[PDB]
2 protein chains.
Amino acid sequence: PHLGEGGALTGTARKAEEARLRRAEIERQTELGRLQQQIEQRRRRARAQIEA
Amino acid sequence: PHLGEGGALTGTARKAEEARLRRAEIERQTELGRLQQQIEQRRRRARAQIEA
């Protein structure tokens, strides 16, 4: 059976939407990764200054 | 014999001048020490910034 918020897709359109969903998930994961890395670089900064 | 740039001091004045010379030598040594320490702190600074 077809599981998606839109639903009601058959044949090739189903595979296309699966690919689109995977792409969106990868995009969101990369966004969260960059945010994590930015806040951690701020932390490392605070470190270097404390050491000095 | 009496050795000093002024010379011609006897008795107690001789000891007083010996003490004064020792004091001046200590003063100059402390001056050189502080200068050395200041330039080395600048060096350590340059380090910390390079590491960052």
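What follows draws every value from the coordinates through simple rules; no lab data is involved. Cβ atoms come from the backbone with ideal geometry, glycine included; neighbour counts cover every protein chain shown.
Key figures
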| quantity | calculated |
| --- | --- |
| Some residue of region A:36-46 being under 13 Å from the mean Cα position of the chain (by Cα) and either exposed (fewer than 10 other Cβ atoms within 10 Å of the Cβ) or assigned to a helix (DSSP H, G or I) (or both) | yes |
| Scope region B:1-18; condition surrounded by 10 or more Cβ atoms within 10 Å (Cβ to Cβ) and assigned to a helix (DSSP H, G or I); matching residues | B:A13, B:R14, B:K15, B:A16, B:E17, B:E18 |
| B:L32 vs. criteria assigned to a helix (DSSP H, G or I) and of a type outside the set (S, T, N, Q) | yes |
| Residues satisfying the stated conditions in region B:7-42, i.e. among the basic types (K, R) and either within 14 Å of chain A (Cβ to nearest Cβ) or touching a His at 6+ places or on another chain (Cβ under 6 Å) (or both) | B:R42 |
| Lone unmet requirement of (1) over 29 Å from B:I50 (Cβ atoms); (2) within 14 Å of another protein chain (Cβ to nearest Cβ); (3) not hydroxyl-bearing (S, T, Y) for A:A46 | (1) |
